[PDB]
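So this one's start02.txt, compact mmCIF, N, CA and C atoms:
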```txt
# COMPACT_ATOMS: atom_id res chain seq x y z
N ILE A 1 77.09 130.93 97.35
CA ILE A 1 76.66 130.71 98.73
C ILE A 1 77.66 131.48 99.60
N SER A 2 77.94 130.97 100.81
CA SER A 2 79.12 131.41 101.54
C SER A 2 80.40 130.93 100.86
N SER A 3 80.28 129.91 100.01
CA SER A 3 81.36 129.49 99.13
C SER A 3 82.00 130.68 98.42
N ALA A 4 81.23 131.36 97.57
CA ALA A 4 81.77 132.45 96.75
C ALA A 4 82.37 133.57 97.58
N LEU A 5 81.80 133.87 98.76
CA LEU A 5 82.41 134.90 99.60
C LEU A 5 83.79 134.47 100.09
N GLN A 6 83.93 133.20 100.46
CA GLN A 6 85.24 132.70 100.87
C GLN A 6 86.21 132.66 99.71
N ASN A 7 85.73 132.32 98.51
CA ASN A 7 86.60 132.39 97.35
C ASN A 7 87.08 133.81 97.11
N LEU A 8 86.18 134.79 97.27
CA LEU A 8 86.57 136.20 97.14
C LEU A 8 87.64 136.58 98.15
N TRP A 9 87.44 136.22 99.41
CA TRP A 9 88.43 136.55 100.44
C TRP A 9 89.75 135.83 100.20
N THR A 10 89.70 134.58 99.75
CA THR A 10 90.91 133.84 99.45
C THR A 10 91.69 134.52 98.33
N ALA A 11 90.99 134.93 97.28
CA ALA A 11 91.66 135.58 96.16
C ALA A 11 92.20 136.95 96.56
N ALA A 12 91.50 137.66 97.45
CA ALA A 12 92.00 138.95 97.91
C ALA A 12 93.28 138.78 98.73
N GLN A 13 93.32 137.76 99.60
CA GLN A 13 94.54 137.48 100.34
C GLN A 13 95.66 137.06 99.40
N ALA A 14 95.33 136.34 98.33
CA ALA A 14 96.35 135.96 97.36
C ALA A 14 96.90 137.18 96.64
N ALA A 15 96.04 138.14 96.29
CA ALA A 15 96.51 139.38 95.68
C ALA A 15 97.39 140.17 96.63
N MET A 16 97.03 140.20 97.91
CA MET A 16 97.86 140.86 98.91
C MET A 16 99.25 140.23 98.97
N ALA A 17 99.29 138.90 99.05
CA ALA A 17 100.57 138.20 99.12
C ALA A 17 101.38 138.43 97.85
N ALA A 18 100.71 138.50 96.69
CA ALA A 18 101.42 138.72 95.44
C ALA A 18 102.03 140.12 95.39
N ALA A 19 101.31 141.12 95.91
CA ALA A 19 101.88 142.47 95.98
C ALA A 19 103.10 142.49 96.89
N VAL A 20 103.00 141.85 98.06
CA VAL A 20 104.13 141.83 98.98
C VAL A 20 105.32 141.12 98.35
N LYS A 21 105.08 140.03 97.64
CA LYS A 21 106.19 139.29 97.02
C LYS A 21 106.79 140.05 95.84
N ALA A 22 105.99 140.84 95.12
CA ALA A 22 106.57 141.69 94.08
C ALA A 22 107.50 142.73 94.69
N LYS A 23 107.06 143.36 95.78
CA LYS A 23 107.94 144.29 96.49
C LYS A 23 109.19 143.57 97.00
N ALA A 24 109.03 142.34 97.48
CA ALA A 24 110.17 141.56 97.97
C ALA A 24 111.16 141.26 96.86
N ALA A 25 110.67 141.00 95.65
CA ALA A 25 111.57 140.77 94.53
C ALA A 25 112.32 142.04 94.17
N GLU A 26 111.61 143.17 94.16
CA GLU A 26 112.26 144.46 93.95
C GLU A 26 113.38 144.71 94.96
N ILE A 27 113.13 144.39 96.23
CA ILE A 27 114.15 144.61 97.26
C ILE A 27 115.31 143.63 97.10
N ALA A 28 115.00 142.35 96.87
CA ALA A 28 116.03 141.33 96.81
C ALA A 28 116.94 141.49 95.60
N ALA A 29 116.46 142.12 94.53
CA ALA A 29 117.30 142.30 93.35
C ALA A 29 118.55 143.14 93.64
N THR A 30 118.54 143.96 94.69
CA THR A 30 119.68 144.79 95.06
C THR A 30 120.43 144.22 96.27
N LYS A 31 120.41 142.90 96.43
CA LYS A 31 120.97 142.26 97.61
C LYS A 31 121.72 141.01 97.19
N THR A 32 122.48 140.47 98.12
CA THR A 32 123.12 139.19 97.87
C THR A 32 122.08 138.10 98.04
N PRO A 33 122.27 136.93 97.42
CA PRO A 33 121.27 135.86 97.59
C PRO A 33 121.13 135.47 99.05
N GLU A 34 122.22 135.59 99.80
CA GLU A 34 122.23 135.24 101.21
C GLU A 34 121.44 136.24 102.05
N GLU A 35 121.43 137.52 101.66
CA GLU A 35 120.53 138.49 102.27
C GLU A 35 119.13 138.47 101.63
N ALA A 36 119.02 138.01 100.39
CA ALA A 36 117.71 137.93 99.74
C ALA A 36 116.83 136.87 100.37
N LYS A 37 117.44 135.79 100.88
CA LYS A 37 116.67 134.79 101.62
C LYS A 37 116.03 135.41 102.86
N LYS A 38 116.78 136.28 103.55
CA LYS A 38 116.25 137.01 104.69
C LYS A 38 115.11 137.94 104.27
N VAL A 39 115.27 138.59 103.11
CA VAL A 39 114.21 139.45 102.60
C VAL A 39 112.94 138.64 102.35
N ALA A 40 113.10 137.42 101.84
CA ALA A 40 111.93 136.57 101.58
C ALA A 40 111.23 136.19 102.88
N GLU A 41 111.99 135.91 103.94
CA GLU A 41 111.35 135.54 105.20
C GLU A 41 110.61 136.73 105.80
N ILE A 42 111.20 137.92 105.70
CA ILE A 42 110.52 139.13 106.16
C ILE A 42 109.26 139.37 105.35
N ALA A 43 109.29 139.05 104.06
CA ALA A 43 108.10 139.23 103.23
C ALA A 43 106.98 138.29 103.65
N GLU A 44 107.32 137.05 104.01
CA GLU A 44 106.29 136.13 104.49
C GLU A 44 105.65 136.66 105.77
N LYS A 45 106.47 137.14 106.71
CA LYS A 45 105.90 137.66 107.94
C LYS A 45 105.09 138.94 107.70
N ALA A 46 105.47 139.75 106.71
CA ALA A 46 104.69 140.93 106.38
C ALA A 46 103.34 140.56 105.76
N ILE A 47 103.32 139.52 104.92
CA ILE A 47 102.05 138.99 104.41
C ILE A 47 101.15 138.59 105.57
N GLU A 48 101.73 137.93 106.57
CA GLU A 48 100.95 137.54 107.75
C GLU A 48 100.40 138.77 108.46
N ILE A 49 101.22 139.81 108.61
CA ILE A 49 100.76 141.06 109.22
C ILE A 49 99.57 141.63 108.46
N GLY A 50 99.66 141.64 107.13
CA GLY A 50 98.56 142.18 106.33
C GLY A 50 97.27 141.41 106.52
N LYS A 51 97.36 140.07 106.49
CA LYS A 51 96.18 139.25 106.74
C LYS A 51 95.57 139.54 108.10
N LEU A 52 96.42 139.60 109.14
CA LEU A 52 95.92 139.88 110.49
C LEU A 52 95.22 141.23 110.55
N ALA A 53 95.82 142.26 109.95
CA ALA A 53 95.22 143.59 110.01
C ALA A 53 93.89 143.64 109.27
N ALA A 54 93.81 142.97 108.12
CA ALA A 54 92.55 142.94 107.37
C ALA A 54 91.46 142.24 108.18
N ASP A 55 91.77 141.06 108.72
CA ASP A 55 90.79 140.33 109.53
C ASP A 55 90.34 141.16 110.73
N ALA A 56 91.28 141.86 111.37
CA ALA A 56 90.94 142.65 112.55
C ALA A 56 90.04 143.83 112.18
N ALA A 57 90.35 144.52 111.08
CA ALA A 57 89.52 145.64 110.67
C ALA A 57 88.11 145.18 110.33
N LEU A 58 87.99 144.05 109.63
CA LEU A 58 86.67 143.53 109.30
C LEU A 58 85.90 143.13 110.55
N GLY A 59 86.57 142.50 111.51
CA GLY A 59 85.89 142.11 112.74
C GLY A 59 85.44 143.31 113.56
N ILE A 60 86.29 144.34 113.66
CA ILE A 60 85.91 145.55 114.39
C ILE A 60 84.73 146.23 113.72
N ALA A 61 84.73 146.30 112.38
CA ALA A 61 83.63 146.95 111.68
C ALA A 61 82.33 146.16 111.84
N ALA A 62 82.41 144.83 111.75
CA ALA A 62 81.23 144.00 111.94
C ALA A 62 80.67 144.14 113.35
N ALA A 63 81.55 144.19 114.36
CA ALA A 63 81.09 144.34 115.73
C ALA A 63 80.43 145.70 115.94
N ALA A 64 81.02 146.76 115.40
CA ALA A 64 80.41 148.08 115.52
C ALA A 64 79.05 148.12 114.83
N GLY A 65 78.96 147.51 113.64
CA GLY A 65 77.68 147.47 112.95
C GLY A 65 76.62 146.70 113.71
N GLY A 66 76.99 145.55 114.27
CA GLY A 66 76.04 144.80 115.08
C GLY A 66 75.58 145.58 116.31
N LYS A 67 76.50 146.25 116.99
CA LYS A 67 76.11 147.04 118.15
C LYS A 67 75.22 148.21 117.76
N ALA A 68 75.42 148.76 116.55
CA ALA A 68 74.52 149.81 116.07
C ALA A 68 73.15 149.24 115.72
N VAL A 69 73.11 148.02 115.17
CA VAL A 69 71.83 147.37 114.88
C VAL A 69 71.06 147.12 116.16
N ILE A 70 71.75 146.71 117.22
CA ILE A 70 71.04 146.50 118.48
C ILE A 70 70.57 147.84 119.05
N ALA A 71 71.33 148.92 118.81
CA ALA A 71 70.94 150.23 119.31
C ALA A 71 69.76 150.83 118.56
N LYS A 72 69.28 150.19 117.50
CA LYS A 72 68.04 150.60 116.85
C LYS A 72 66.89 149.71 117.30
N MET A 73 67.10 148.39 117.27
CA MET A 73 66.16 147.46 117.90
C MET A 73 66.16 147.73 119.40
N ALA A 74 65.78 148.94 119.81
CA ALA A 74 65.92 149.38 121.19
C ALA A 74 65.01 148.58 122.11
N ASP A 75 63.78 149.06 122.31
CA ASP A 75 62.81 148.28 123.06
C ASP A 75 62.11 147.23 122.22
N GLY A 76 62.50 147.08 120.95
CA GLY A 76 62.04 145.95 120.18
C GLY A 76 62.57 144.62 120.67
N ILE A 77 63.55 144.63 121.57
CA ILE A 77 64.11 143.42 122.15
C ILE A 77 64.40 143.69 123.62
N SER A 78 64.32 142.63 124.43
CA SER A 78 64.44 142.77 125.87
C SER A 78 65.87 143.14 126.26
N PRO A 79 66.03 143.89 127.37
CA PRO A 79 67.39 144.24 127.82
C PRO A 79 68.29 143.04 128.04
N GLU A 80 67.72 141.89 128.41
CA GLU A 80 68.53 140.68 128.58
C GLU A 80 69.15 140.24 127.25
N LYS A 81 68.36 140.23 126.18
CA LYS A 81 68.90 139.86 124.88
C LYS A 81 69.80 140.95 124.33
N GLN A 82 69.47 142.21 124.62
CA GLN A 82 70.36 143.32 124.28
C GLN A 82 71.75 143.07 124.83
N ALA A 83 71.84 142.74 126.12
CA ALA A 83 73.14 142.47 126.73
C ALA A 83 73.79 141.23 126.13
N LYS A 84 73.02 140.16 125.94
CA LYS A 84 73.52 138.96 125.27
C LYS A 84 74.29 139.29 123.99
N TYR A 85 73.68 140.08 123.11
CA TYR A 85 74.32 140.27 121.82
C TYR A 85 75.35 141.40 121.84
N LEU A 86 75.17 142.41 122.69
CA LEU A 86 76.22 143.41 122.86
C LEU A 86 77.49 142.78 123.43
N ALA A 87 77.37 141.73 124.24
CA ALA A 87 78.55 141.06 124.77
C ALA A 87 79.21 140.20 123.70
N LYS A 88 78.44 139.30 123.08
CA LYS A 88 78.90 138.58 121.89
C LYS A 88 79.70 139.49 120.94
N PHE A 89 79.19 140.70 120.68
CA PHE A 89 79.90 141.63 119.79
C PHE A 89 81.15 142.24 120.42
N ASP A 90 81.13 142.52 121.73
CA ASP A 90 82.34 143.00 122.39
C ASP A 90 83.45 141.95 122.37
N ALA A 91 83.07 140.68 122.50
CA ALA A 91 84.06 139.62 122.39
C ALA A 91 84.61 139.55 120.98
N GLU A 92 83.73 139.76 119.99
CA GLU A 92 84.16 139.79 118.60
C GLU A 92 85.23 140.87 118.39
N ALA A 93 84.97 142.08 118.91
CA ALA A 93 85.95 143.16 118.80
C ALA A 93 87.24 142.84 119.55
N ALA A 94 87.13 142.20 120.72
CA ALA A 94 88.32 141.86 121.49
C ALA A 94 89.21 140.89 120.72
N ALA A 95 88.61 139.90 120.04
CA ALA A 95 89.40 138.99 119.22
C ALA A 95 90.10 139.74 118.09
N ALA A 96 89.41 140.72 117.50
CA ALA A 96 90.06 141.51 116.46
C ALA A 96 91.26 142.28 117.01
N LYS A 97 91.11 142.88 118.19
CA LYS A 97 92.23 143.60 118.79
C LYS A 97 93.37 142.66 119.16
N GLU A 98 93.06 141.40 119.51
CA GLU A 98 94.10 140.40 119.72
C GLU A 98 94.90 140.18 118.44
N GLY A 99 94.20 140.10 117.30
CA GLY A 99 94.91 139.97 116.04
C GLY A 99 95.80 141.16 115.74
N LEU A 100 95.32 142.37 116.08
CA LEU A 100 96.15 143.56 115.91
C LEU A 100 97.39 143.51 116.79
N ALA A 101 97.24 143.03 118.03
CA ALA A 101 98.38 142.91 118.93
C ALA A 101 99.42 141.95 118.37
N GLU A 102 98.96 140.81 117.83
CA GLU A 102 99.89 139.86 117.22
C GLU A 102 100.60 140.47 116.01
N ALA A 103 99.88 141.25 115.20
CA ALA A 103 100.51 141.94 114.08
C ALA A 103 101.60 142.89 114.56
N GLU A 104 101.33 143.63 115.65
CA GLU A 104 102.33 144.53 116.21
C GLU A 104 103.53 143.77 116.72
N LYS A 105 103.29 142.59 117.30
CA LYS A 105 104.36 141.76 117.82
C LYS A 105 105.32 141.36 116.69
N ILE A 106 104.74 140.90 115.57
CA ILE A 106 105.52 140.53 114.38
C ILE A 106 106.25 141.73 113.80
N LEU A 107 105.58 142.89 113.74
CA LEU A 107 106.22 144.06 113.15
C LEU A 107 107.41 144.52 114.00
N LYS A 108 107.31 144.42 115.32
CA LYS A 108 108.44 144.85 116.15
C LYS A 108 109.65 143.94 115.95
N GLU A 109 109.44 142.61 115.91
CA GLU A 109 110.62 141.81 115.56
C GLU A 109 111.11 142.02 114.12
N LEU A 110 110.23 142.26 113.15
CA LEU A 110 110.74 142.50 111.80
C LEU A 110 111.55 143.79 111.75
N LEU A 111 111.18 144.78 112.55
CA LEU A 111 112.01 145.97 112.66
C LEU A 111 113.31 145.66 113.40
N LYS A 112 113.32 144.63 114.24
CA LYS A 112 114.58 144.22 114.85
C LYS A 112 115.42 143.34 113.94
N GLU A 113 114.92 142.96 112.76
CA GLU A 113 115.68 142.13 111.83
C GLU A 113 116.23 142.90 110.63
N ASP A 114 115.50 143.87 110.12
CA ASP A 114 115.90 144.72 109.00
C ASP A 114 114.86 145.81 108.88
N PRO A 115 115.09 146.98 109.48
CA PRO A 115 114.00 147.97 109.58
C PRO A 115 113.54 148.52 108.25
N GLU A 116 114.43 148.71 107.27
CA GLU A 116 113.99 149.34 106.03
C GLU A 116 113.18 148.37 105.18
N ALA A 117 113.62 147.11 105.11
CA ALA A 117 112.86 146.10 104.38
C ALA A 117 111.55 145.80 105.09
N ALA A 118 111.58 145.77 106.43
CA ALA A 118 110.35 145.58 107.19
C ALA A 118 109.36 146.70 106.91
N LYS A 119 109.84 147.95 106.89
CA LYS A 119 108.95 149.08 106.66
C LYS A 119 108.35 149.02 105.27
N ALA A 120 109.17 148.74 104.25
CA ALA A 120 108.66 148.72 102.88
C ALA A 120 107.67 147.58 102.68
N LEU A 121 108.01 146.37 103.15
CA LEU A 121 107.13 145.23 102.95
C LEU A 121 105.85 145.36 103.75
N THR A 122 105.92 145.89 104.98
CA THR A 122 104.72 146.06 105.77
C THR A 122 103.83 147.16 105.21
N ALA A 123 104.43 148.22 104.64
CA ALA A 123 103.62 149.24 103.98
C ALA A 123 102.90 148.66 102.77
N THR A 124 103.59 147.85 101.97
CA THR A 124 102.93 147.20 100.84
C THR A 124 101.80 146.29 101.31
N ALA A 125 102.04 145.51 102.37
CA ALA A 125 101.02 144.60 102.89
C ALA A 125 99.80 145.37 103.38
N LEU A 126 100.02 146.45 104.13
CA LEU A 126 98.90 147.22 104.66
C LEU A 126 98.14 147.95 103.56
N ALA A 127 98.83 148.41 102.52
CA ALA A 127 98.13 149.04 101.41
C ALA A 127 97.27 148.03 100.66
N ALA A 128 97.80 146.84 100.39
CA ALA A 128 97.00 145.80 99.76
C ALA A 128 95.82 145.41 100.64
N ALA A 129 96.03 145.38 101.95
CA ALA A 129 94.94 145.06 102.87
C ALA A 129 93.86 146.13 102.84
N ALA A 130 94.26 147.41 102.81
CA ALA A 130 93.28 148.48 102.72
C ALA A 130 92.48 148.39 101.42
N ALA A 131 93.16 148.08 100.31
CA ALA A 131 92.46 147.95 99.04
C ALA A 131 91.46 146.80 99.08
N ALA A 132 91.84 145.68 99.69
CA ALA A 132 90.93 144.54 99.78
C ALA A 132 89.75 144.86 100.69
N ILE A 133 90.02 145.46 101.85
CA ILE A 133 88.95 145.82 102.78
C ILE A 133 87.95 146.75 102.12
N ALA A 134 88.45 147.74 101.37
CA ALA A 134 87.55 148.67 100.69
C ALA A 134 86.77 147.98 99.58
N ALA A 135 87.41 147.06 98.85
CA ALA A 135 86.72 146.36 97.78
C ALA A 135 85.59 145.48 98.31
N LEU A 136 85.84 144.79 99.43
CA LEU A 136 84.79 143.97 100.04
C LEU A 136 83.63 144.84 100.52
N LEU A 137 83.92 145.81 101.38
CA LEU A 137 82.88 146.70 101.90
C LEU A 137 82.34 147.60 100.81
```
What would you get if you wrote out this structure as structure tokens?
Amino acid sequence: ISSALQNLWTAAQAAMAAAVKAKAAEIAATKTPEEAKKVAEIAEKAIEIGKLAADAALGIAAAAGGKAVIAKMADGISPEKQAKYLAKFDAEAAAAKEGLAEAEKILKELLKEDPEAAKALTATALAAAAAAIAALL
């Protein structure tokens, strides 16, 4: 049902987090335990960045697809309903861009905490997110 789709998305997010944590273990192995704890916290925030970016990309793509669907159902539907659903979809895209802004907010502080670990963990998170987004679509 929608059950299995949510199970798929849950498992994809779990794979993303597992990739980020594997990279985090690689980084922490060359650090003191006291700095490795910091690496772990940066890894958690990078996992969050990856989830946000994936959700935002999916929302933007769904909104664009819906607006294209309305642009074919041209005079098949009244201009009033056209505007109704084009707006609903613009709000959908706006929420996705809000998620992107929050991801940027987190990335800027992670760069203010440890730029090299932030860069590596966020690159791993975004790559796992791209792989999941492509696998779903």
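Shortest separation to residue 99 (chain A) among A:119, A:81, A:51, A:67 occurs at residue A:51, atoms counted being only C-alpha atoms.
In this comparison, which uses only C-alpha atoms, the residue of A:27, A:87, A:12, A:129 approaching residue 70 (chain A) most closely is A:87.
Here CA of residue 1 (chain A) and CA of residue 85 (chain A) stand 25.1 Å from one another.
Pairwise distance (atom N of residue 62 (chain A), CA of residue 134 (chain A)) equals 12.8 Å.
Taking atom N of residue 100 (chain A) as the reference point, atom C of residue 45 (chain A) is found at 13.3 Å.
Comparing the minimum interatomic distances between residue 20 (chain A) and each of A:91, A:86, A:69, A:121, counting all atoms listed in the file, we find that A:121 sits nearest.
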Taking all listed atoms of region 37-52 of chain A, build the axis-aligned box, pad each of the six sides by 5 Å, then write its centre and edge lengths in Å to one decimal as lines of an AutoDock Vina configuration file.
```
center_x = 106.3
center_y = 138.5
center_z = 105.7
size_x = 32.2
size_y = 17.4
size_z = 19.7
```
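Distances to residue 49 (chain A) were evaluated for A:83, A:106, A:63, A:131 using only C-alpha atoms, and the minimum falls at A:106.
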Write out as a ChimeraX atom specification which residues come within 7 Å of residue 47 (chain A) when counting only C-alpha atoms, dropping same-chain ones fewer than 3 positions away. /A:17,20,43-44,50-51,125
Prev. selection, N, CA and C atoms, output as a PDB file, in the frame of the given file:
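Resulting contents of out22.pdb:
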```
ATOM      1  N   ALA A  17      99.290 138.900  99.050  1.00  0.00           N
ATOM      2  CA  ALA A  17     100.570 138.200  99.120  1.00  0.00           C
ATOM      3  C   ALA A  17     101.380 138.430  97.850  1.00  0.00           C
ATOM      4  N   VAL A  20     103.000 141.850  98.060  1.00  0.00           N
ATOM      5  CA  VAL A  20     104.130 141.830  98.980  1.00  0.00           C
ATOM      6  C   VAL A  20     105.320 141.120  98.350  1.00  0.00           C
ATOM      7  N   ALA A  43     109.290 139.050 104.060  1.00  0.00           N
ATOM      8  CA  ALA A  43     108.100 139.230 103.230  1.00  0.00           C
ATOM      9  C   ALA A  43     106.980 138.290 103.650  1.00  0.00           C
ATOM     10  N   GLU A  44     107.320 137.050 104.010  1.00  0.00           N
ATOM     11  CA  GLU A  44     106.290 136.130 104.490  1.00  0.00           C
ATOM     12  C   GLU A  44     105.650 136.660 105.770  1.00  0.00           C
ATOM     13  N   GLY A  50      99.660 141.640 107.130  1.00  0.00           N
ATOM     14  CA  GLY A  50      98.560 142.180 106.330  1.00  0.00           C
ATOM     15  C   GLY A  50      97.270 141.410 106.520  1.00  0.00           C
ATOM     16  N   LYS A  51      97.360 140.070 106.490  1.00  0.00           N
ATOM     17  CA  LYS A  51      96.180 139.250 106.740  1.00  0.00           C
ATOM     18  C   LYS A  51      95.570 139.540 108.100  1.00  0.00           C
ATOM     19  N   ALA A 125     102.040 145.510 102.370  1.00  0.00           N
ATOM     20  CA  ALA A 125     101.020 144.600 102.890  1.00  0.00           C
ATOM     21  C   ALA A 125      99.800 145.370 103.380  1.00  0.00           C
TER      22      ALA A 125
END
```
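Minimum distance to residue 130 (chain A) across A:15, A:111, A:94, A:54 (counting only N, CA and C atoms) occurs at A:54.
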